[PDB]
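Just the one chain here, the form solved without this ligand, laid out as structure tokens.
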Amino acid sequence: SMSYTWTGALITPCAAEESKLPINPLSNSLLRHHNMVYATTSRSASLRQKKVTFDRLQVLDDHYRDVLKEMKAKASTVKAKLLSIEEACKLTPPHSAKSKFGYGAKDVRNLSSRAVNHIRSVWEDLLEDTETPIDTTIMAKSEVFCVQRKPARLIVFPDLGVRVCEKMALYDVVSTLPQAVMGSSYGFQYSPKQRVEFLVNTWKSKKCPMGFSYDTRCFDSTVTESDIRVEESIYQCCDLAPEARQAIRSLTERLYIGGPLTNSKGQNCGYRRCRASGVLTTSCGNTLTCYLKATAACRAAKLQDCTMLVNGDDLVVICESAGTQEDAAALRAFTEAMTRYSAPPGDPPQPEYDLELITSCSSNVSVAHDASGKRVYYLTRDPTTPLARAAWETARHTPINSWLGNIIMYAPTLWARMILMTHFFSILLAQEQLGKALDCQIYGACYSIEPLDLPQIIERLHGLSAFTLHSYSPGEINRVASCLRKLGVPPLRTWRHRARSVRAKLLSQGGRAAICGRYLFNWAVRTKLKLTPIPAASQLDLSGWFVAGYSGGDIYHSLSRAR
């Protein structure tokens, strides 16, 4: 069947759309080539519509059925809880899309009577109605990139009331089931340091390792009605409260398998028969589906000792080499099996014999040295997108601050330390905003974080070595330098000059600001300060940070206030 059908009604914006980076002094101090930075708009939505609309031809075999049954036996060990309305309301982000039923995210979080009453009625409707297709809004995503232009990604999501019901029925399932089923292959259970540890250990655990990333084209569009029902069959193995079992059954048929698409103007836009990007099960279902197809595809391909690492549609395989000519044929056999399963490739997979040359979750393993000269492995990425988005967020107030999430997740990198930390600490110090909590996303879930708490957060996630790395690889230094020239970002010597200036100001303030000056900017000086474990680090409640993925799932993970 067709991934989408269209009526001819347009994918419309709900307000004015900005596509060009503003010419602002603060963003300009970071990146001068503003014309290279763009934000996607609904103007390119038709180009994406063409790319995502296609027929799916899916053929399942014995290997797929064998793997599915193994997955179901592990899913069978799970007991999942039904969340109360209040518990599901507390997981809603403060700036989540308002309901079309007279209330917004703030009403949900305040447990307002109109919000609560409507959510309850949506819940009773899921219990009673197993068939009526649930309406969804289709929007063009507004995302920031550097030129060489991408057409906008399309987001599909149901109303706020439905999203709160999704949490009640499936939050616990999507949080606990992926690790129970996929074990060490589930990517979202790992902090970046745990992710690098797993990749390095998997790589070194093979006699002659061969690894590959597998890029499925338009993964969401490749997901069939059968894949979605197969996904529900795994969910159904959980011990579930009867209303949760009904709500999962009704959500699958009315929402997850497909449904009508409505634009911002309320016009009938089309019909979806594939994965919606803006539902709670998107990350979980995508991971499960990709893992099931890849695990079965490895057996079909005759790939030896296949270790998967899956994060939604993002896949990396490390296996035992059978020789270069044999590996190239087995990899072609893997792709052919994935294509039969309705997961054809975008980028043709290439066998790799060096772990550092593999890009998975848009990151690669790299090496630096700590204070003792000891090798430290860490994850880095091309800094183009983080810098273009950091410049956009400096010129405009955005609900999500990718720069903050990039500082947390990429803290040991040369670029997050010298540029991101230097630029934002300078601006925030001058604006008396270092202690103001900001929203950032970690594994798709939303968090409210104070930049002054970064030293303890980084120490916990990355270890004290994140504040001492030096002697970065030449390939890493070259990629950074080339990106700065391309974007017109000042050279690293300017960044070191700005860091010494902000570190001085931070130290002068005492308190948390002096901790930030000490730990975050010790790389900028010769007269190094002593870096001891931060008392605040051990006390940090990092429960929920590295459990599961929630991209598109409308999840807020910070604490709710009492009333």
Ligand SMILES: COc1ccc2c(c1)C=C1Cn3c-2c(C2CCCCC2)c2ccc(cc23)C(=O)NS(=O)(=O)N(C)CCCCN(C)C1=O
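The first residue of the shown sequence is 1; numbering continues from there.
Per the record, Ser84 and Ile85 are directly connected, with no deposited-sequence residue omitted between them.
Averaged over their C-alpha atoms, the temperature factors of 49 to 57 and 510 to 518 are higher for 49 to 57.
Mean C-alpha B-factor is higher over 105 to 113 than over the other stretch, the pair under comparison being 105 to 113 and 283 to 291.
For the set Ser372, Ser426, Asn311, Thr224, the PDB entry puts the maximum C-alpha B factor at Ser372. The top Cα temperature factor in the record, among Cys269, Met182, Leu91, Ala466, falls on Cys269. When the CA B factors of the chain's modelled residues are split into thirds, the value for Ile23 lands in the highest one. The PDB entry assigns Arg254 a C-alpha temperature factor belonging to the lowest third of its chain's modelled residues.
Per the PDB record, residue ranking by Cα B-factor puts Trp545 in the highest third of the chain. The deposited CA B-factor of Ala322 belongs to the highest third of values across its chain. In the PDB entry, a CA B factor belonging to the middle third of its chain's modelled residues is recorded for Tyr447.
Keep in mind the form solved in complex with this ligand is missing from the figure; the text below concerns it.
Clashes are found between this ligand, overlaid from its position in the deposited bound form, and the backbone or C-beta atoms here, as 3 or more atoms lie within 2.4 Å; the site counts as blocked. Under a 4.5 angstroms non-hydrogen atom cutoff, this ligand in the deposited bound form lacks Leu60 among its neighbouring residues. Residue contact with this ligand in the deposited bound form: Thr394 places a heavy atom within 4.5 Å of it. For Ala390, a non-hydrogen atom is located within 4.5 Å of this ligand in the deposited bound form, even though that partner is not displayed. In the deposited bound form, this ligand lies farther than 4.5 Å from every heavy atom of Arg503. Only one listed stretch (129 to 137, 380 to 388, 242 to 250, 115 to 123) carries heavy atoms within 4.5 Å of this ligand in the deposited bound form, and that stretch is 380 to 388. Looking at this ligand in the deposited bound form, residues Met36, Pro490 and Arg498 each place a heavy atom within 4.5 Å of it.
Out of the listed residues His423, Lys293, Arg163, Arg272, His423 is the one that sits within 4.5 Å of this ligand in the deposited bound form by at least one heavy atom. When you look in the deposited bound form, the only residue of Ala169, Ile419, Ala343, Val181 with a non-hydrogen atom within 4.5 Å of this ligand is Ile419.
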